[PDB]
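> First the structure, then my questions, so here it is.
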Amino acid sequence: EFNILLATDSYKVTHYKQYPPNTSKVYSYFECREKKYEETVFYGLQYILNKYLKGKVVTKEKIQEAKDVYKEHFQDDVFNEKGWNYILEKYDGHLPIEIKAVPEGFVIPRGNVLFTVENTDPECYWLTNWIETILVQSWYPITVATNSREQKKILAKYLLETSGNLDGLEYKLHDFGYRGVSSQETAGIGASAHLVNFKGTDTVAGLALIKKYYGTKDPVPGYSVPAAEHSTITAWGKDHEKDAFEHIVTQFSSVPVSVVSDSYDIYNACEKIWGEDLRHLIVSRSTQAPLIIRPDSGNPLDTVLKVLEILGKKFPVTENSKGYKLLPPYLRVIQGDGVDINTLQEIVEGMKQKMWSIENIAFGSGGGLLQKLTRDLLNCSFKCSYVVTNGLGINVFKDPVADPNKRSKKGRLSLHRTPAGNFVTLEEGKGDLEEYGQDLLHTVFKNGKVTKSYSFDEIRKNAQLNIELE
Amino acid sequence: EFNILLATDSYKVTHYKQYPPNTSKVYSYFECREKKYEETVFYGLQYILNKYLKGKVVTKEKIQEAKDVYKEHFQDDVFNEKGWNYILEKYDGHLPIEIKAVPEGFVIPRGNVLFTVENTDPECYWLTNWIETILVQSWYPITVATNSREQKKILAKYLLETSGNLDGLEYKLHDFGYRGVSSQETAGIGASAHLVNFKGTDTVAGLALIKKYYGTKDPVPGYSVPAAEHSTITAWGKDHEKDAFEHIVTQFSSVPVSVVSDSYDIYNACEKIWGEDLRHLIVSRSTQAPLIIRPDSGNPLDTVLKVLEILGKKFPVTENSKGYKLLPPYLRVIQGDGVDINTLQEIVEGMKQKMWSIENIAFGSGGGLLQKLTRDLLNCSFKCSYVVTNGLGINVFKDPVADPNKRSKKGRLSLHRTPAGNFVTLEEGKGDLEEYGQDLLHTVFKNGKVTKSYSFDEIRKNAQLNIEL
Ligand SMILES: O=C(Nc1ccncc1)[C@H]1C[C@@H]1c1ccccc1
Ligand SMILES: O=C(Nc1ccncc1)[C@H]1C[C@@H]1c1ccccc1
């Protein structure tokens, strides 16, 4: 049982006593603060609204539980029982909050308002920032989606250059991160964010999240193929690696199959086992059912290049129309060790310099894709910009003397199109002057109800690369 | 509804067809592989066993659900419906698996077996590695607990050096990480791991997890105090920072209170607002209720030193018996911006060089404590080391030519004390020779039941520092 009264930073329990007396409104906003990663994919708020914020989220039992915990946690009675009881009694436990947000999947430059939050009842001035903690966790799906999309840009650039098209782009970066994230819940959220950009995942948790909170026309948003792990090779005994390989490709003779080949000696496996002993089982395969050789150790670039060099001398290689080398269609490689945005770039550039088409390769990324990310990467941050006290609206902000990068925006905010068609965030309520047309934010949550939402299909469309659009 | 059939890496769905025919046993183990972090705190498995693995985890509906998902996900029928149905029918959906583990809270050098997993029914040879993905997520609480403990070592060293004792050590690193982690579930897990070493947290989710899965004799495992955020200062208006400060310290006059002081100018706030205008509200406070000034921007070391310098000239400073400067007991500082294990070390060393006692300072850490960690830090890894095929046991392993650091252990494993009192992992079933005393791994899970559990108090005792001991 999730309890929103226990889902905030402890200190926020004490904030209702700290605001100016007679404050009726606290209005706050989220941005990926300006400080690469020049643009961000807005994704993941819909999950939070539906799972945690909507409907009757306050009960008598939840109030009592919070009261009991905080009494011990603070060694003192500081919890706002009356304020929560008010929400329970007046609104049947629905949060009197309004949230406006940019559409999910939208690609927005850094330093723009992405969503805003304010209380709709003056008694609940304290509620706006109570829910900061839970809303700020949107940093994670935003950051995974953004970083995944940046890798898609790299792949698109090199695939286009070496092959002349973008065929298969959406399968070129595969999610291997299930074991390498910090929890089951994180796995689902992160995998779903990667699927905004790609269709390949082994993190099964992502599928159910998308189906429940977003939805797609297709039965599932992501796909995989049969593949070995070291245990299914090594279990055969060291002297029987060939027997393992033969068994596995024969079991999966009519679908693609990935086979980890570095259990003992990746180079021997490629040149002698695949390239000689079992070559007859590989050259007979369909182009719809390639063997995908998987190295998993060594310097990622050096190993990929050597694997390709080996395979190129054992199998028929062609030269595509762009002048790049191409393995036969029944044979491909996947590099799934040590892959992050930096090493991805290094590998594709190294392949290009050695005249290997990016058609030859796919990438798997685990920790690099879903775990090795923090809220600091995009400076995802939630701040109060406007309050009303004694009936007077005041534009408020922070501006620390030793770090201008932490300055926050002032007043009521709105998001607009500029005359050149770019985004601009207007501060100090200046959107009301109507010199920049209509506010692009939409009300997505109001008084316990989700008022606007997006399918996963629409999110994917919003998050497309320009090069995909053209 | 969590469905264990959907809680694995997709490729594992296909592995039942890949093992050698006539394989009746797959035995696997977890270690923090040797490659700084020389010893690791084993913590978090009990959470996973109880939340996800125990009891009736297979149902007819869960089997059909997985069958339906995998058909679309693979565009093919590759799912082992028969194998899962066997578990449902024979074991009432309880997993025929045995897991043996070192006690939670134990501090073990890198490269040792921490837990092992094996099937208890020959039909379920494939199940051992099905659950690799979910068990390997134990890397997270192990790594948080370990990294938190390493920071405790740094704090203990410098606190002892500058003050002569370790009073308050368990409150010196406070968890600020709730907003900076990737999910609600991660928040609870990570916060609980930090609480193995410390008692201060604002990540409330950690308390409920500990209460549910571990338990403590005291009502709660972690504590906090009232504190401001920028919004409760800035809401007063730029020209009214002093009014906000005054209101807040007066509201919380008899308890400790942390007040963020850098909204506009941290140095002005310390020297003029706290140090002059409101000084009378500070020097009147109890030792049990200090003002805790909180900078939150600028170079962490430079800002801490400048804050201390300012306060030292506006408030009476003493020199303790070790020769280090000490603020009055009603005034302390907390640095809660940009703190990780590296910058923590930098700050305490810088303070020491400038003759400031570590008694003066506490640290808050958020992303650095709970998020900026990966499975690679301690090389947490799960590997098959033993199989039985055609009734014969075989010791198995990987040993990639280009990376000896990825070599895995061979055969049946056990963990023992050495004659000098250290730890050793015995391979190839050599523990059976009985030359190294009892195996330190205990059965914690067998056939759907959690067979051995630890309280959070026991875990804390096991994870103590030597200096504490
Ligand atoms: O290579 C694989 N899958 C694959 C390959 C090519 N296209 C799609 C999926 C799986 C063996 C890789 C894997 C998957 C999940 C975790 C760890 C390793
Ligand atoms: O300083 C604080 N708490 C504190 C201070 C000293 N001892 C214990 C807790 C809270 C204001 C810090 C905070 C807490 C949670 C998230 C972000 C920032």
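Along the chain as shown, residues are numbered 1 onward.
Method on record in the header is X-ray crystallography, 1.5 Å.
Placed from the backbone N, Cα and C atoms, the Cβ positions cover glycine too.
For reference, Swiss-Prot lists these features for the protein:
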type    : residues                                                       : note
MOD_RES : B:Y171                                                         : phosphotyrosine
BINDING : B:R179, B:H230, B:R294                                         : diphosphate binding site
BINDING : B:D202, B:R294, B:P295, B:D296, B:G336, B:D337, B:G367, B:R375 : beta-nicotinamide D-ribonucleotide binding site
MOD_RES : B:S455                                                         : phosphoserine
> Please identify which of B:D202, B:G336 has the densest Cβ environment, defined as other Cβ atoms within 10 Å, among these binding-site residues.
B:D202
> Tell me which residues of the chain lie with their Cβ under 8 angstroms from that of B:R179 (diphosphate binding site), as long as they are six or more apart in sequence?
B:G366
> In this deposited model, 10 residues are missing between B:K35 and B:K36; what is the Cα to Cα distance between those two, in Å, rounded to a whole number?
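With 10 residues absent from the model, the flanking Cα atoms are 10 Å apart.
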> Between B:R375 (beta-nicotinamide D-ribonucleotide binding site) and the residue listed as 'phosphoserine', how far is it from one CA atom to the other, in Å?
26
> For B:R375 (beta-nicotinamide D-ribonucleotide binding site), which DSSP three-state class applies?
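It is coil.
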> What whole-number Å value do you get for the CA-CA distance of B:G336 (beta-nicotinamide D-ribonucleotide binding site) and B:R294 (diphosphate binding site)?
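The Cα atom of B:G336 (beta-nicotinamide D-ribonucleotide binding site) is 7 Å away from the Cα atom of B:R294 (diphosphate binding site).
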> How big is the Cα-to-Cα gap, in Å, between B:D202 (beta-nicotinamide D-ribonucleotide binding site) and the residue listed as 'phosphotyrosine'?
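So the Cα of the residue listed as 'phosphotyrosine' lies 12 Å away from that of B:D202 (beta-nicotinamide D-ribonucleotide binding site).
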> What recorded positions from B:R294, B:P295, B:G336, B:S455 have a chain A Cβ less than 8 Å from their own Cβ?
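Listed recorded positions meeting the cut-off: none at all.
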> Listing them in sequence order, which of the recorded positions B:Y171, B:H230, B:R294, B:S455 have their Cα within 10 Å of that of B:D337 (beta-nicotinamide D-ribonucleotide binding site)?
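Near B:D337 (beta-nicotinamide D-ribonucleotide binding site) by Cα: B:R294.
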> Could you give the Cα-Cα distance between the residue listed as 'phosphoserine' and B:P295 (beta-nicotinamide D-ribonucleotide binding site), in whole Å?
37
> Just the number: how many Å between the Cα atoms of B:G367 (beta-nicotinamide D-ribonucleotide binding site) and B:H230 (diphosphate binding site)?
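For B:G367 (beta-nicotinamide D-ribonucleotide binding site) versus B:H230 (diphosphate binding site), the Cα atoms are 19 Å apart.
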> Determine, to the nearest whole angstrom, how far the Cα atom of B:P295 (beta-nicotinamide D-ribonucleotide binding site) is from the Cα atom of the residue listed as 'phosphotyrosine'.
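Pair distance, Cα basis, whole Å: 18 Å.
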> Look up B:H230 (diphosphate binding site) in the DSSP assignment and report helix, strand or coil.
helix
> Under a criterion of Cβ-Cβ distance under 8 Å and sequence separation of at least 6, what residues of the same chain contact B:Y171 (phosphotyrosine)?
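The list for B:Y171 (phosphotyrosine) reads B:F198, B:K199, B:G200, B:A362, given in order along the sequence.
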> Would you kindly give the Cα-Cα distance separating B:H230 (diphosphate binding site) and B:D296 (beta-nicotinamide D-ribonucleotide binding site), rounded to the nearest Å?
10
> Using a 6 Å cut-off on Cβ distance, which of the binding-site residues B:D202, B:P295, B:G336, B:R375 come close to any atom of ligand 2?
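Passing the 6 Å Cβ check against ligand 2: B:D202, B:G336.
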> Under 8 Å Cβ-Cβ from B:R294 (diphosphate binding site), six or more apart in the same chain: what's there?
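Listed in sequence order: B:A227, B:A228, B:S258, B:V259, B:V260, B:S261, B:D262, B:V333, B:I334, B:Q335, B:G336, B:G364.
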